[PDB]
Amino acid sequence: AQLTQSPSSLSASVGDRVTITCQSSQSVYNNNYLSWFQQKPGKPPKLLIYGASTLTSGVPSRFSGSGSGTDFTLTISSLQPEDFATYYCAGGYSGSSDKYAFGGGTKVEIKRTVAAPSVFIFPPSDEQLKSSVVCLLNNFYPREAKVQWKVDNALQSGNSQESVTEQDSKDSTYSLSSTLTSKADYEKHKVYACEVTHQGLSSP
Amino acid sequence: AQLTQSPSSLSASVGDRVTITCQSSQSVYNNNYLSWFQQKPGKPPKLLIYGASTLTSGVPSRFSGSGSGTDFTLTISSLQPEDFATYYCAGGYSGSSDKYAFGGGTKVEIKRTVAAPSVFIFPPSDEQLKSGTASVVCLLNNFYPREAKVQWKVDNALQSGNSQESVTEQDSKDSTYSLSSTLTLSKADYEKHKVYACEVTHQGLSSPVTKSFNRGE
Amino acid sequence: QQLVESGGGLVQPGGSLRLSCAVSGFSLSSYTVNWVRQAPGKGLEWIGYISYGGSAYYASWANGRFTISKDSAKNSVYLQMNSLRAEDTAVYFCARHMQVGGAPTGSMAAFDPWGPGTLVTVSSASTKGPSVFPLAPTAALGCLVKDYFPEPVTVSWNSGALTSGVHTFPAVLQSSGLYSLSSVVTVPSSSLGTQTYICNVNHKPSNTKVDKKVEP
Amino acid sequence: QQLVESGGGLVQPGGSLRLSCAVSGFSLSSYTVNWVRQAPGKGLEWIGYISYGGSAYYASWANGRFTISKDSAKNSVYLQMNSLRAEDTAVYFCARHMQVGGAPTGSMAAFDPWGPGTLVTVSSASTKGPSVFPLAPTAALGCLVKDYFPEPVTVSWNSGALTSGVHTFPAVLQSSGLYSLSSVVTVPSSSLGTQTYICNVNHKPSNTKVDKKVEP
Amino acid sequence: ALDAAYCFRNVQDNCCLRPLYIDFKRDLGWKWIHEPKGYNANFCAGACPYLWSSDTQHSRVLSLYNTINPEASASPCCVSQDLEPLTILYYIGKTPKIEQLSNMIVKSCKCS
Amino acid sequence: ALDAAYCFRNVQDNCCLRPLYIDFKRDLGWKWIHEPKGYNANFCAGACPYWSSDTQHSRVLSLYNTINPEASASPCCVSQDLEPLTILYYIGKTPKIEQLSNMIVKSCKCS
């Protein structure tokens, strides 16, 4: 027995109401052995709702479980900034294998008034040189940005590494970082600058 | 529950009879639960005798065990160079812990006519020179007894604290040894010196034997 | 009521590993314990449980690769996996059942409490360790933690006593085969120098604990 | 009637190891299987066993740090040790009781067959592969395996065709904390050029398999 | 003795009687019972250390043997000893009828 | 039925009877039996997978563990039917001969 979750990803606004549907290939024992879990990144799953509809004490009422047999939904009522998370359903079964089974997850991302990245250039230490410079965009929305480096007025599609935060639980803002690392070519070059094509900002 | 076998070490001549003893802190279960095993280096032990006296298939009639209660003996009527090995004894016991136990060992080494070492001396290869360090190897091949002195001399001057030796376990067939003395130097300190000599003193040599070379063949 | 996982690290492809959940506030003869894993950036996956009554059941895809066991005197439950393929790189949690077993009413597929997770890296590979170079200057600064293996690596900032503006980035797998990350902090444009802005990276699979001073 | 232990190798103190012993040619429900271990250069010590009837007994000093167990369906016997120590560095042997158990006559403290053993090193040091250098000139030659940890290395000559006249020395621990070893061979003054000679060295822990070729 | 009288009030990890309730309909599919909807079958589980539970002559001799002989045989595990029937009520038509199922309740455990 | 006839024929790793002879003086310290000197006592041992359904309880548990998501006990290979053994002793200078009950195990069950 497997069980499928919809939708895989979704974005909504503070105050809005969201529905996630779990759906079981095979009936779950007693028709109500289905639970729902919150998972923040880098944490264990929190338990929201057991028995398809009961709410864990101290878990807030804006979460509600409905459904039975094979179709279940979780409903978040007044979406919060601290409700960004990935959301999983577990179900219990009969048989001598796969007594329990999770769903694929649903990442819920909060929608935000478009915001401006605070951009920062950082040059290397006299620590690493005796054997790399970074561009950092801080506290912005939406997530998507395009970064192009320059050293002595040459772009280069060579330092293909960037990484971005996970939505902050109070602002739903972000933070991207792009890497400029082989000291061979670095030694001569002198002027280092960054320019970022975002939307919350008029021109790069 | 502990076993103690004497002696610890032993050398004897081909054809001689040798006997080993095991001593038990308490009686073994049914007064005859004691085996003997023979281990040659790097291989697992080989059970020879069980039930204190019963021999096993594959095992010459030269070995024989006897004894009972707490006092046991293993006996090789007529030693042979294949027999170089550590011989262990094993006992079984009552109690709810320490069901079996091994004694400490008896290393048996074979004695033979002396034989002078064939000495060779290898210089550091081209590969290693292309790094930090260099290694000079002196090889004494096929010799008895283990007593042998190896001294390095560079431009005739004697070295100390920068070499190390390792010697092979006795040969199962001829009962000889082999030693390898490796001297370790820094490529810089290697270059400064010209004559690299390995001086071997062994009792099968009337006078010491020197083998040497010069960097750049 | 707590569950602390341990036993985890890097392991050679094809080898074996045994992890141990240390259970504290409850008795293992009333509560089942489950093992669920999740690959990096993937969903959770129920591998199986050891029940209050001593029965172990497994997911259908386990195929006898995993064995779950318990000891109530030792207060622990064990997940023993052998023949580790690359796939099985993941975080592993032990999760308790919410309710005692054998009661007229069940647990309703509910797991509670959970364990923090322990990462398990299946790879040939070779433990390395992170170098730590600063990134110096309301303004902001950062530390860069470069070339280490395997995951993961902590970063605090001034003895973890500063918790504002910190954004420890996801780790990224360089072209070499190692990992690197950065962590930056916004801070008032003034008083840098009056306060001592310090980051305390800490890798564990190599027992590294750098405390890299960062100033102008 | 054959046993092969596996799962040995490098693990640091306090950690846990599970060694396994694959059995074949006899049934784990008829024969009691023991674990014997040997410190480098010291005598054999009996850890304990798992009996034909399924009962685990240990030696006094194990103090519950080792659990010996079996799985008859997977054909194997397990010895797992927690919180490992340096004095636990040893070759670990899988030794079978000689006779089937329960009959009027027992095994009489006899063990046979035995397994090749597998080396367990406990240390904080990191696996380094070996540098392989040529020892080149009836005359002799060989190979210098240098700088490697932990043990062992397998040095064979020309795929094991050349066997008579070889001496693989015991490894020596250098002051650097790595080991060194040489292996040598004696050949006719005719053969140099008639045949060529190359050593196959194999340092399993770094999966280093080298074939070097000797020459004047 | 390893009965409900002792094991359900006291916390123990050694071999004891363990509570277990079995709903006929949902936990067995035994739709043919009208009453009761389920029942307390229980089970036996936990460790068997030194002198915890005696069994027959044979258990005593096995444990003595296992101590006195170097090659111990089998080690004991936790099982039922005293079972008890359960009377259930079903219907043919509107007609009630009573059957006593034997050995349905575990009332005590042992080590064997 | 896991009795002496089935289990000895085919040495199985699943639950079974298993032969174990026992000498009174040598293995239990019972010096007072004049005769016999030992006897095949036997024991029960082997894997029990998901049940020997002799007694309705073990059936109920076997099934419960299938249909319920949270299974209960696991089975275990244990003695089932025990038969006495006839001894002989003379602590009293005259021949005695009792039957010693529950000394041999003749069958085994998973339970």
# chains A, B, ... in the order shown; residues from 1 in each chain; ligands from 1

call {"tool": "interface_residues", "arguments": {"of": "chain C", "to": "chain A", "cutoff": "6 Å", "atoms": "only C-alpha atoms", "output": "ChimeraX atom specification"}}
result
/C:43,46,58-60,108-110,116,135,169

call {"tool": "write_last_selection", "arguments": {"atoms": "N, CA and C atoms", "output": "short mmCIF file (atom, residue, chain, number, x, y, z; two decimals), in the first residue's frame"}}
result
data_model
loop_
_atom_site.label_atom_id
_atom_site.label_comp_id
_atom_site.auth_asym_id
_atom_site.auth_seq_id
_atom_site.Cartn_x
_atom_site.Cartn_y
_atom_site.Cartn_z
N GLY C 43 11.35 12.93 0.81
CA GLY C 43 10.32 12.73 1.80
C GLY C 43 10.72 11.73 2.87
N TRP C 46 8.90 5.27 6.03
CA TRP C 46 8.77 4.35 7.16
C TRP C 46 9.49 3.06 6.83
N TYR C 58 8.45 -4.60 8.94
CA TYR C 58 9.30 -3.85 8.03
C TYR C 58 8.52 -3.44 6.80
N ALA C 59 8.96 -2.35 6.17
CA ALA C 59 8.43 -1.99 4.87
C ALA C 59 8.76 -3.09 3.85
N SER C 60 7.94 -3.15 2.79
CA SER C 60 8.04 -4.24 1.82
C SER C 60 9.34 -4.18 1.04
N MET C 108 -3.55 5.58 16.01
CA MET C 108 -4.11 6.29 14.85
C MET C 108 -3.03 6.72 13.86
N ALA C 109 -2.03 5.87 13.65
CA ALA C 109 -0.90 6.19 12.77
C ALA C 109 -0.13 7.44 13.23
N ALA C 110 -0.22 7.80 14.50
CA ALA C 110 0.43 8.97 15.06
C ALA C 110 1.75 8.60 15.74
N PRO C 116 15.95 13.62 17.22
CA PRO C 116 16.57 14.67 16.40
C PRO C 116 17.01 14.24 15.00
N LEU C 135 35.01 36.61 6.21
CA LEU C 135 34.50 37.52 5.18
C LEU C 135 34.14 38.82 5.91
N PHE C 169 24.03 29.05 5.42
CA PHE C 169 23.54 28.58 4.15
C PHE C 169 23.53 27.06 4.07
#

call {"tool": "closest_atom_pairs", "arguments": {"of": "chain E", "to": "chain D", "cutoff": "8 Å", "atoms": "only C-alpha atoms", "output": "Markdown table"}}
result
| residue | atom | partner | partner_atom | distance |
| --- | --- | --- | --- | --- |
| E:71 | CA | D:51 | CA | 6.7 |
| E:72 | CA | D:51 | CA | 6.4 |
| E:73 | CA | D:53 | CA | 4.6 |
| E:74 | CA | D:53 | CA | 4.4 |
| E:75 | CA | D:55 | CA | 5.3 |

call {"tool": "write_last_selection", "arguments": {"atoms": "N, CA, C and O atoms", "output": "PDB file, in the first residue's frame"}}
result
ATOM      1  N   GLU E  71      29.008 -26.507  26.976  1.00  0.00           N
ATOM      2  CA  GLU E  71      28.248 -26.181  25.774  1.00  0.00           C
ATOM      3  C   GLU E  71      26.754 -26.101  26.119  1.00  0.00           C
ATOM      4  O   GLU E  71      25.989 -27.050  25.921  1.00  0.00           O
ATOM      5  N   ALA E  72      26.334 -24.927  26.595  1.00  0.00           N
ATOM      6  CA  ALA E  72      24.954 -24.707  27.010  1.00  0.00           C
ATOM      7  C   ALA E  72      23.987 -24.997  25.874  1.00  0.00           C
ATOM      8  O   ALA E  72      24.305 -24.814  24.701  1.00  0.00           O
ATOM      9  N   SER E  73      22.776 -25.429  26.233  1.00  0.00           N
ATOM     10  CA  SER E  73      21.796 -25.761  25.202  1.00  0.00           C
ATOM     11  C   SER E  73      20.934 -24.559  24.810  1.00  0.00           C
ATOM     12  O   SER E  73      21.392 -23.657  24.089  1.00  0.00           O
ATOM     13  N   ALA E  74      19.685 -24.552  25.266  1.00  0.00           N
ATOM     14  CA  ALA E  74      18.735 -23.495  24.956  1.00  0.00           C
ATOM     15  C   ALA E  74      18.443 -22.674  26.200  1.00  0.00           C
ATOM     16  O   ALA E  74      18.497 -23.171  27.330  1.00  0.00           O
ATOM     17  N   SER E  75      18.154 -21.372  25.966  1.00  0.00           N
ATOM     18  CA  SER E  75      17.831 -20.312  26.900  1.00  0.00           C
ATOM     19  C   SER E  75      16.324 -20.069  26.928  1.00  0.00           C
ATOM     20  O   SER E  75      15.640 -20.248  25.912  1.00  0.00           O
TER      21      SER E  75
END

call {"tool": "closest_residue", "arguments": {"among": "E:111, E:47, E:89, E:106", "to": "residue 31 (chain E)", "atoms": "only C-alpha atoms"}}
result
E:89

call {"tool": "residues_around", "arguments": {"residues": "residue 82 (chain D)", "least_positions_apart": "6", "cutoff": "9 Å", "atoms": "only C-alpha atoms", "output": "list in words"}}
result
residues 14, 15, 16, 17, 18, 65, 66 and 67 of chain D

call {"tool": "atom_distance", "arguments": {"atom1": "CA of residue 194 (chain B)", "atom2": "CA of residue 173 (chain D)"}}
result
28.4 Å

call {"tool": "select_by_dssp", "arguments": {"residues": "region 39-107 of chain E", "states": "strand (DSSP E or B)", "output": "PyMOL selection string"}}
result
chain E and resi 39-40+43-45+47+78-92+95-107

call {"tool": "write_last_selection", "arguments": {"atoms": "C-alpha atoms", "output": "mmCIF file, in the first residue's frame"}}
result
data_model
loop_
_atom_site.group_PDB
_atom_site.id
_atom_site.type_symbol
_atom_site.label_atom_id
_atom_site.label_comp_id
_atom_site.auth_asym_id
_atom_site.auth_seq_id
_atom_site.Cartn_x
_atom_site.Cartn_y
_atom_site.Cartn_z
ATOM 1 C CA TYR E 39 -12.064 -8.634 24.897
ATOM 2 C CA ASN E 40 -8.872 -8.592 26.927
ATOM 3 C CA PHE E 43 -0.023 -11.614 26.083
ATOM 4 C CA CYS E 44 3.302 -12.562 27.674
ATOM 5 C CA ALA E 45 6.533 -10.670 27.024
ATOM 6 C CA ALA E 47 13.207 -10.794 29.715
ATOM 7 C CA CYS E 78 8.447 -15.675 27.939
ATOM 8 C CA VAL E 79 5.222 -17.566 27.190
ATOM 9 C CA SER E 80 1.750 -18.223 28.550
ATOM 10 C CA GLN E 81 1.077 -20.798 31.157
ATOM 11 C CA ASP E 82 -2.500 -20.469 32.417
ATOM 12 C CA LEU E 83 -5.175 -19.873 29.760
ATOM 13 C CA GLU E 84 -8.898 -19.325 30.368
ATOM 14 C CA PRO E 85 -11.940 -19.739 28.089
ATOM 15 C CA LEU E 86 -14.162 -16.906 26.882
ATOM 16 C CA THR E 87 -17.926 -17.139 26.480
ATOM 17 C CA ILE E 88 -19.342 -15.254 23.486
ATOM 18 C CA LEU E 89 -22.886 -14.687 22.189
ATOM 19 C CA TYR E 90 -23.962 -14.809 18.538
ATOM 20 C CA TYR E 91 -27.278 -15.096 16.693
ATOM 21 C CA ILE E 92 -28.836 -17.375 14.154
ATOM 22 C CA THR E 95 -32.091 -16.595 18.001
ATOM 23 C CA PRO E 96 -29.324 -16.136 20.621
ATOM 24 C CA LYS E 97 -26.689 -18.789 21.198
ATOM 25 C CA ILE E 98 -23.702 -19.152 23.483
ATOM 26 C CA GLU E 99 -20.363 -20.737 22.723
ATOM 27 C CA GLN E 100 -17.427 -21.134 25.093
ATOM 28 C CA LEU E 101 -14.174 -20.718 23.137
ATOM 29 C CA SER E 102 -11.370 -22.474 24.944
ATOM 30 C CA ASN E 103 -7.968 -20.949 25.708
ATOM 31 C CA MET E 104 -8.803 -17.376 24.673
ATOM 32 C CA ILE E 105 -7.496 -15.423 27.736
ATOM 33 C CA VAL E 106 -3.932 -15.398 29.046
ATOM 34 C CA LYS E 107 -4.178 -15.144 32.807
#

call {"tool": "interface_residues", "arguments": {"of": "chain F", "to": "chain E", "cutoff": "9 Å", "atoms": "only C-alpha atoms", "output": "number ranges by chain"}}
result
F: 20, 22, 26-29, 41, 43-45, 55-58, 60-61, 63-68, 72-79, 82, 100-105, 111

call {"tool": "atom_distance", "arguments": {"atom1": "CA of residue 162 (chain C)", "atom2": "CA of residue 107 (chain A)"}}
result
29.2 Å

call {"tool": "interface_residues", "arguments": {"of": "chain D", "to": "chain F", "cutoff": "6 Å", "atoms": "only C-alpha atoms", "output": "number ranges by chain"}}
result
D: 29, 102-104

call {"tool": "decode", "arguments": {"residues": "region 111-131 of chain D", "atoms": "N, CA and C atoms", "output": "PDB file, in the first residue's frame"}}
result
ATOM      1  N   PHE D 111      38.068 -26.908  18.926  1.00  0.00           N
ATOM      2  CA  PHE D 111      37.499 -25.993  17.943  1.00  0.00           C
ATOM      3  C   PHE D 111      38.082 -26.312  16.580  1.00  0.00           C
ATOM      4  N   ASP D 112      37.200 -26.539  15.594  1.00  0.00           N
ATOM      5  CA  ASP D 112      37.591 -26.732  14.200  1.00  0.00           C
ATOM      6  C   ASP D 112      36.332 -26.921  13.371  1.00  0.00           C
ATOM      7  N   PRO D 113      36.174 -26.198  12.248  1.00  0.00           N
ATOM      8  CA  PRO D 113      37.134 -25.298  11.599  1.00  0.00           C
ATOM      9  C   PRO D 113      37.266 -23.913  12.213  1.00  0.00           C
ATOM     10  N   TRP D 114      38.124 -23.096  11.594  1.00  0.00           N
ATOM     11  CA  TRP D 114      38.408 -21.739  12.031  1.00  0.00           C
ATOM     12  C   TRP D 114      38.323 -20.821  10.828  1.00  0.00           C
ATOM     13  N   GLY D 115      38.157 -19.538  11.080  1.00  0.00           N
ATOM     14  CA  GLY D 115      38.081 -18.591  10.000  1.00  0.00           C
ATOM     15  C   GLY D 115      39.408 -17.886   9.828  1.00  0.00           C
ATOM     16  N   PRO D 116      39.627 -17.301   8.672  1.00  0.00           N
ATOM     17  CA  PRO D 116      40.899 -16.593   8.427  1.00  0.00           C
ATOM     18  C   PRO D 116      41.184 -15.491   9.439  1.00  0.00           C
ATOM     19  N   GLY D 117      40.165 -15.127  10.204  1.00  0.00           N
ATOM     20  CA  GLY D 117      40.197 -13.923  10.994  1.00  0.00           C
ATOM     21  C   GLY D 117      40.006 -12.687  10.132  1.00  0.00           C
ATOM     22  N   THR D 118      39.681 -11.581  10.797  1.00  0.00           N
ATOM     23  CA  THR D 118      39.672 -10.279  10.153  1.00  0.00           C
ATOM     24  C   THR D 118      40.200  -9.270  11.162  1.00  0.00           C
ATOM     25  N   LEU D 119      41.046  -8.351  10.690  1.00  0.00           N
ATOM     26  CA  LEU D 119      41.696  -7.384  11.567  1.00  0.00           C
ATOM     27  C   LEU D 119      40.759  -6.233  11.906  1.00  0.00           C
ATOM     28  N   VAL D 120      40.689  -5.920  13.200  1.00  0.00           N
ATOM     29  CA  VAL D 120      39.995  -4.753  13.719  1.00  0.00           C
ATOM     30  C   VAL D 120      41.043  -3.878  14.364  1.00  0.00           C
ATOM     31  N   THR D 121      41.258  -2.711  13.769  1.00  0.00           N
ATOM     32  CA  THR D 121      42.064  -1.661  14.364  1.00  0.00           C
ATOM     33  C   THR D 121      41.120  -0.603  14.923  1.00  0.00           C
ATOM     34  N   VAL D 122      41.408  -0.151  16.142  1.00  0.00           N
ATOM     35  CA  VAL D 122      40.767   1.015  16.734  1.00  0.00           C
ATOM     36  C   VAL D 122      41.800   2.138  16.861  1.00  0.00           C
ATOM     37  N   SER D 123      41.473   3.301  16.307  1.00  0.00           N
ATOM     38  CA  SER D 123      42.401   4.424  16.306  1.00  0.00           C
ATOM     39  C   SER D 123      41.669   5.675  15.853  1.00  0.00           C
ATOM     40  N   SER D 124      42.295   6.813  16.126  1.00  0.00           N
ATOM     41  CA  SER D 124      41.812   8.104  15.674  1.00  0.00           C
ATOM     42  C   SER D 124      42.415   8.520  14.337  1.00  0.00           C
ATOM     43  N   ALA D 125      43.502   7.871  13.917  1.00  0.00           N
ATOM     44  CA  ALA D 125      44.205   8.223  12.697  1.00  0.00           C
ATOM     45  C   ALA D 125      43.354   7.914  11.469  1.00  0.00           C
ATOM     46  N   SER D 126      43.771   8.469  10.330  1.00  0.00           N
ATOM     47  CA  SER D 126      43.014   8.419   9.085  1.00  0.00           C
ATOM     48  C   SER D 126      43.691   7.488   8.085  1.00  0.00           C
ATOM     49  N   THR D 127      42.887   6.710   7.350  1.00  0.00           N
ATOM     50  CA  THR D 127      43.391   5.792   6.323  1.00  0.00           C
ATOM     51  C   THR D 127      44.190   6.512   5.236  1.00  0.00           C
ATOM     52  N   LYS D 128      45.503   6.276   5.171  1.00  0.00           N
ATOM     53  CA  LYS D 128      46.335   6.731   4.062  1.00  0.00           C
ATOM     54  C   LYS D 128      46.760   5.524   3.232  1.00  0.00           C
ATOM     55  N   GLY D 129      46.642   5.639   1.913  1.00  0.00           N
ATOM     56  CA  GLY D 129      47.116   4.604   1.027  1.00  0.00           C
ATOM     57  C   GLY D 129      48.631   4.587   0.962  1.00  0.00           C
ATOM     58  N   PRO D 130      49.208   3.518   0.432  1.00  0.00           N
ATOM     59  CA  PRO D 130      50.668   3.395   0.431  1.00  0.00           C
ATOM     60  C   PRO D 130      51.322   3.928  -0.831  1.00  0.00           C
ATOM     61  N   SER D 131      52.514   4.472  -0.648  1.00  0.00           N
ATOM     62  CA  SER D 131      53.410   4.723  -1.765  1.00  0.00           C
ATOM     63  C   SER D 131      54.171   3.433  -2.027  1.00  0.00           C
TER      64      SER D 131
END
